[PDB]
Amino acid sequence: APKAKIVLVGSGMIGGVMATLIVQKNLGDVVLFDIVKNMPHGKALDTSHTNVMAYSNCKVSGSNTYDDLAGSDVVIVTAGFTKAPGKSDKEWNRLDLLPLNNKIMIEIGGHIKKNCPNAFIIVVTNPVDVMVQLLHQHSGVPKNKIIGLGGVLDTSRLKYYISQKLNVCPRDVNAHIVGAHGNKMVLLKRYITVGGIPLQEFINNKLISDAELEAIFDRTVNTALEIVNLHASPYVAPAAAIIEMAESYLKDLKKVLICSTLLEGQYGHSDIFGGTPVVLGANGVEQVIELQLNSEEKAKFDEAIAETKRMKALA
């Protein structure tokens, strides 16, 4: 069948929500692959029944066999750790996931190269900007066929917090967070709009203040940590963000979505992956949009990339 085959490499919390959303949207057949025995089968069985409630027809299978990557149209990688086994939630940091997740990406890359070299790849494993390039290199896929999750999620948080202060539909607030997904993420105040109107107009009208926005910015950057300390490493929004990206690709929607992508000169950077708006369609990353950042914004972008480069040196 010409229905898309979507392989979720990693069947944990995010993997579970992704499978659920894929069935709700009838996006394609799903394989919940994981290193843990039987669990993926259990989740798959549970999720497969929703086809009835959703009026869909998507097969949902579990797997503990890498070769099931064969024939994959889309591969979503969440495989790895959410935190370092010994740190407290208070000291939670994506950087500490570097020595834990690196070897996993190499292993997965080799299987992708052998089994589904023409698949569209979405990397989620943290530190994402480092992990995505590691997988790009080991999988051998073209630069337009691999992206990392970052901006769609970070901006969803920023967009949401602003929409609640202004009392407008969440999707009506558009915003851009670039550079890298982590504590050095670059929140672009200048590029925020509400109903397509520059945010500064709402600031001028005393509808939202600069002080409130600064607090919203800090909350956005610290959201993962805030949720990690309240409950666990976030998974619902991450899953929804990923599926919006996967959906744009599968349905050729050509949505402008901020993702980690290979930079080849944009922002003065090359040979590294960084967050920037891209257009996702049938041909993968169809366009890499370079925001005409001012020097102050570019300095922040450089600081974000510097972090990715530091961890890429695996130190």
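When you see a residue number, it is the position in the sequence shown, counting from 1.
Comparing 246 to 254 with 35 to 43, the stretch with the higher mean C-alpha B-factor in the PDB entry is 35 to 43. Set 98 to 106 against 203 to 211 and average the Cα temperature factors; 98 to 106 ends up higher. Within the selection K83, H176, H111, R171, the deposited Cα B-factor values reach their highest point at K83. Highest C-alpha temperature factor among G151, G71, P238, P198 per the entry: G71. Sorting the modelled residues of the chain by their CA temperature factor places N283 in the highest third.
When the CA B factors of the chain's modelled residues are split into thirds, the value for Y161 lands in the middle one. Ranked within its chain, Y55 lands in the highest third, by CA B factor from the PDB record. Among the modelled residues of its chain, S295 has a C-alpha B-factor that falls in the highest third, as given in the PDB entry. When all modelled residues of the chain are sorted by CA temperature factor, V23 is found within the lowest third.
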